[PDB]
Amino acid sequence: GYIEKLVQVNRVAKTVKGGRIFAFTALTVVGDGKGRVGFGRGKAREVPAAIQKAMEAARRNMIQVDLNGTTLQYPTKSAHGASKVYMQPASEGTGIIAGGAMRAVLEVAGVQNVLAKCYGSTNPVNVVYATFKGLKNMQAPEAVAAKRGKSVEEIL
RNA sequence: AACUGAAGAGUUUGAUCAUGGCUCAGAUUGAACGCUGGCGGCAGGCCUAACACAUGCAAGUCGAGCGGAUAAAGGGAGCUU
């Protein structure tokens with residue numbers, strides 16, 4: 001589906017000769033409010049056209065996320081580049097408390113109780129990779145129990 | 001009766017990623033200063049010169065321990081209040 005959310009806008013450039021050609025980039029994540037997200041990056045020549053391009057690439061190559069219901073399954077920790085990310089599920093009344101670019105991922109996924117923090121280099125185009133290695137590699141235990149459930153899930 | 005939290009931003013460049021400094025958003029004080037100023041509860045008030053101090057007051061009490069001297073009421077008498 002489609003619920004859109006913008007994060008970043010830049011002004012990249014390019015020197016040719018004579019002057020300097022400008023261009024705009026944008027980063028936009030799209031989710032469904034249930035656990036299907038997708039991010040997208042587009043470059044164009046103006047703001048109202050660079051956002052439209054980044055929205056279209058978001059709703060291609062999406063991710064199914066197996067959330068527990070407004071929370072996560074377990075504390076995990078993933079990294080990409082020089083960016084390290086930590087996330088652990090929380091109680092009911094606590095909302096989402098994260099920084100800038102992990103709120104926009106964790107809104108549209110539908111989770112509400114995420115309690116996150118990012119270390120290392122804060123790059124909004126690169127902390128998103130650090131988040132999607134984490135969420136796309138969840139497990140959601142298909143087991144008979146948890147304190148007992150290590151005889152039917154390990155064979156899954 | 002026993003008992004739960006973790007946010008980032010700006011700044012090196014024609015522009016980008018990284019390393020690395022700096023700076024801001026918070027909660028606090030025996031606080032001082034500037035502008036302004038109705039009320040009441042509960043608190044606190046020399047952090048500097050352990051530097052000198054006028055004048056008041058802050059440890060006395062026992063006559064069921066003993067001398068001594070003050071000697072009432074009253075008992076009076078006497079003399080004339």
# chains A, B, ... in the order shown; residues from 1 in each chain; ligands from 1
call {"tool": "closest_atom_pairs", "arguments": {"of": "chain B", "to": "chain A", "cutoff": "8 Å", "atoms": "only C-alpha atoms (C1' of nucleotides)", "output": "JSON lines"}}
result
{"residue": "B:4", "atom": "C1'", "partner": "A:91", "partner_atom": "CA", "distance": 7.9}
{"residue": "B:6", "atom": "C1'", "partner": "A:117", "partner_atom": "CA", "distance": 6.9}
{"residue": "B:7", "atom": "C1'", "partner": "A:98", "partner_atom": "CA", "distance": 4.3}
{"residue": "B:8", "atom": "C1'", "partner": "A:99", "partner_atom": "CA", "distance": 5.8}
{"residue": "B:14", "atom": "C1'", "partner": "A:15", "partner_atom": "CA", "distance": 5.9}
{"residue": "B:15", "atom": "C1'", "partner": "A:13", "partner_atom": "CA", "distance": 5.2}
call {"tool": "residues_around", "arguments": {"residues": "residue 8 (chain A)", "least_positions_apart": "4", "cutoff": "12 Å", "atoms": "only C-alpha atoms (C1' of nucleotides)", "output": "MDAnalysis selection string"}}
result
chainID A and resid 24:29 39:43 47 50:51 54 100:101 104 123:126 128
call {"tool": "write_last_selection", "arguments": {"atoms": "N, CA and C atoms", "output": "PDB file, in the first residue's frame"}}
result
ATOM      1  N   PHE A  24      18.950  18.031  -7.008  1.00  0.00           N
ATOM      2  CA  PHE A  24      18.376  17.718  -5.710  1.00  0.00           C
ATOM      3  C   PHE A  24      18.196  16.220  -5.556  1.00  0.00           C
ATOM      4  N   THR A  25      18.533  15.707  -4.382  1.00  0.00           N
ATOM      5  CA  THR A  25      18.268  14.322  -4.038  1.00  0.00           C
ATOM      6  C   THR A  25      17.270  14.260  -2.893  1.00  0.00           C
ATOM      7  N   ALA A  26      16.666  13.091  -2.718  1.00  0.00           N
ATOM      8  CA  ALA A  26      15.668  12.937  -1.676  1.00  0.00           C
ATOM      9  C   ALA A  26      15.616  11.491  -1.231  1.00  0.00           C
ATOM     10  N   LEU A  27      15.166  11.303   0.003  1.00  0.00           N
ATOM     11  CA  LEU A  27      15.082   9.996   0.636  1.00  0.00           C
ATOM     12  C   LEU A  27      13.714   9.873   1.274  1.00  0.00           C
ATOM     13  N   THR A  28      12.952   8.866   0.867  1.00  0.00           N
ATOM     14  CA  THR A  28      11.572   8.749   1.307  1.00  0.00           C
ATOM     15  C   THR A  28      11.243   7.292   1.554  1.00  0.00           C
ATOM     16  N   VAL A  29      10.759   6.999   2.748  1.00  0.00           N
ATOM     17  CA  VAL A  29      10.371   5.654   3.134  1.00  0.00           C
ATOM     18  C   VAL A  29       8.854   5.545   3.032  1.00  0.00           C
ATOM     19  N   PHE A  39      11.962   1.711   1.354  1.00  0.00           N
ATOM     20  CA  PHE A  39      12.590   3.016   1.262  1.00  0.00           C
ATOM     21  C   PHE A  39      12.954   3.294  -0.184  1.00  0.00           C
ATOM     22  N   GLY A  40      13.213   4.559  -0.473  1.00  0.00           N
ATOM     23  CA  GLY A  40      13.527   4.933  -1.830  1.00  0.00           C
ATOM     24  C   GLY A  40      14.324   6.209  -1.935  1.00  0.00           C
ATOM     25  N   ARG A  41      15.241   6.246  -2.893  1.00  0.00           N
ATOM     26  CA  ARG A  41      16.124   7.379  -3.099  1.00  0.00           C
ATOM     27  C   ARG A  41      16.032   7.835  -4.544  1.00  0.00           C
ATOM     28  N   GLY A  42      15.806   9.124  -4.745  1.00  0.00           N
ATOM     29  CA  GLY A  42      15.683   9.662  -6.084  1.00  0.00           C
ATOM     30  C   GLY A  42      16.459  10.950  -6.234  1.00  0.00           C
ATOM     31  N   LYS A  43      16.955  11.171  -7.448  1.00  0.00           N
ATOM     32  CA  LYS A  43      17.644  12.398  -7.818  1.00  0.00           C
ATOM     33  C   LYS A  43      16.938  13.018  -9.010  1.00  0.00           C
ATOM     34  N   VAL A  47      12.645  20.133  -6.337  1.00  0.00           N
ATOM     35  CA  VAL A  47      12.016  19.540  -5.155  1.00  0.00           C
ATOM     36  C   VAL A  47      10.691  18.838  -5.470  1.00  0.00           C
ATOM     37  N   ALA A  50      11.716  15.581  -7.496  1.00  0.00           N
ATOM     38  CA  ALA A  50      12.604  14.605  -6.882  1.00  0.00           C
ATOM     39  C   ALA A  50      11.919  13.800  -5.796  1.00  0.00           C
ATOM     40  N   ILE A  51      10.868  14.340  -5.190  1.00  0.00           N
ATOM     41  CA  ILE A  51      10.129  13.579  -4.196  1.00  0.00           C
ATOM     42  C   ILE A  51       9.261  12.527  -4.870  1.00  0.00           C
ATOM     43  N   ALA A  54      11.404   9.484  -5.856  1.00  0.00           N
ATOM     44  CA  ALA A  54      11.792   8.656  -4.729  1.00  0.00           C
ATOM     45  C   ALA A  54      10.621   7.888  -4.149  1.00  0.00           C
ATOM     46  N   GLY A 100      15.328  11.023  14.528  1.00  0.00           N
ATOM     47  CA  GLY A 100      15.274  11.598  13.203  1.00  0.00           C
ATOM     48  C   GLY A 100      14.884  10.640  12.099  1.00  0.00           C
ATOM     49  N   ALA A 101      15.775   9.696  11.796  1.00  0.00           N
ATOM     50  CA  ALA A 101      15.606   8.813  10.659  1.00  0.00           C
ATOM     51  C   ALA A 101      15.229   7.394  11.033  1.00  0.00           C
ATOM     52  N   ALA A 104      11.153   7.514  11.257  1.00  0.00           N
ATOM     53  CA  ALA A 104      10.397   7.430  10.021  1.00  0.00           C
ATOM     54  C   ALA A 104      10.310   6.005   9.507  1.00  0.00           C
ATOM     55  N   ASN A 123      24.321   8.995   9.599  1.00  0.00           N
ATOM     56  CA  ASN A 123      24.057   9.320   8.208  1.00  0.00           C
ATOM     57  C   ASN A 123      22.629   8.894   7.911  1.00  0.00           C
ATOM     58  N   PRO A 124      21.715   9.818   7.606  1.00  0.00           N
ATOM     59  CA  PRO A 124      20.319   9.419   7.390  1.00  0.00           C
ATOM     60  C   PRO A 124      20.095   8.573   6.159  1.00  0.00           C
ATOM     61  N   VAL A 125      20.999   8.593   5.179  1.00  0.00           N
ATOM     62  CA  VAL A 125      20.891   7.680   4.050  1.00  0.00           C
ATOM     63  C   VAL A 125      21.547   6.348   4.333  1.00  0.00           C
ATOM     64  N   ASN A 126      22.161   6.189   5.497  1.00  0.00           N
ATOM     65  CA  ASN A 126      22.939   5.005   5.785  1.00  0.00           C
ATOM     66  C   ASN A 126      22.576   4.387   7.119  1.00  0.00           C
ATOM     67  N   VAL A 128      19.494   3.842   7.586  1.00  0.00           N
ATOM     68  CA  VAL A 128      18.336   3.085   7.139  1.00  0.00           C
ATOM     69  C   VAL A 128      18.740   1.673   6.730  1.00  0.00           C
TER      70      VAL A 128
END
call {"tool": "select_by_dssp", "arguments": {"residues": "region 22-120 of chain A", "states": "strand (DSSP E or B)", "output": "MDAnalysis selection string"}}
result
chainID A and resid 22:31 36:44 63:64 76:79 83:87 116:120
call {"tool": "write_last_selection", "arguments": {"atoms": "C-alpha atoms", "output": "PDB file, in the first residue's frame"}}
result
ATOM      1  CA  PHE A  22      22.774  21.936  -9.262  1.00  0.00           C
ATOM      2  CA  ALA A  23      20.564  18.925  -8.564  1.00  0.00           C
ATOM      3  CA  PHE A  24      18.376  17.718  -5.710  1.00  0.00           C
ATOM      4  CA  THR A  25      18.268  14.322  -4.038  1.00  0.00           C
ATOM      5  CA  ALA A  26      15.668  12.937  -1.676  1.00  0.00           C
ATOM      6  CA  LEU A  27      15.082   9.996   0.636  1.00  0.00           C
ATOM      7  CA  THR A  28      11.572   8.749   1.307  1.00  0.00           C
ATOM      8  CA  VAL A  29      10.371   5.654   3.134  1.00  0.00           C
ATOM      9  CA  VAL A  30       6.949   4.134   2.408  1.00  0.00           C
ATOM     10  CA  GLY A  31       5.127   1.668   4.641  1.00  0.00           C
ATOM     11  CA  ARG A  36       5.454  -3.874   5.064  1.00  0.00           C
ATOM     12  CA  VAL A  37       7.928  -1.052   4.439  1.00  0.00           C
ATOM     13  CA  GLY A  38      10.147   0.150   1.643  1.00  0.00           C
ATOM     14  CA  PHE A  39      12.590   3.016   1.262  1.00  0.00           C
ATOM     15  CA  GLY A  40      13.527   4.933  -1.830  1.00  0.00           C
ATOM     16  CA  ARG A  41      16.124   7.379  -3.099  1.00  0.00           C
ATOM     17  CA  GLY A  42      15.683   9.662  -6.084  1.00  0.00           C
ATOM     18  CA  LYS A  43      17.644  12.398  -7.818  1.00  0.00           C
ATOM     19  CA  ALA A  44      16.074  15.030 -10.052  1.00  0.00           C
ATOM     20  CA  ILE A  63      10.281  -5.744   2.950  1.00  0.00           C
ATOM     21  CA  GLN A  64       7.919  -7.898   5.022  1.00  0.00           C
ATOM     22  CA  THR A  76      18.973  -6.979  18.509  1.00  0.00           C
ATOM     23  CA  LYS A  77      21.903  -4.952  17.221  1.00  0.00           C
ATOM     24  CA  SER A  78      22.811  -4.455  13.562  1.00  0.00           C
ATOM     25  CA  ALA A  79      25.339  -2.383  11.660  1.00  0.00           C
ATOM     26  CA  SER A  83      26.877   3.127  11.719  1.00  0.00           C
ATOM     27  CA  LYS A  84      25.754   0.936  14.597  1.00  0.00           C
ATOM     28  CA  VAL A  85      22.135   0.638  15.710  1.00  0.00           C
ATOM     29  CA  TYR A  86      20.574  -0.832  18.857  1.00  0.00           C
ATOM     30  CA  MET A  87      16.876  -1.634  19.351  1.00  0.00           C
ATOM     31  CA  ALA A 116      16.213   2.631  19.953  1.00  0.00           C
ATOM     32  CA  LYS A 117      19.549   4.452  19.665  1.00  0.00           C
ATOM     33  CA  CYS A 118      22.183   4.787  16.943  1.00  0.00           C
ATOM     34  CA  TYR A 119      25.929   5.020  17.475  1.00  0.00           C
ATOM     35  CA  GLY A 120      28.807   5.724  15.142  1.00  0.00           C
TER      36      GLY A 120
END
call {"tool": "select_by_dssp", "arguments": {"residues": "chain A", "states": "helix (DSSP H, G or I)", "output": "count of residues only"}}
result
28
call {"tool": "atom_distance", "arguments": {"atom1": "CA of residue 3 (chain A)", "atom2": "CA of residue 113 (chain A)"}}
result
19.5 Å
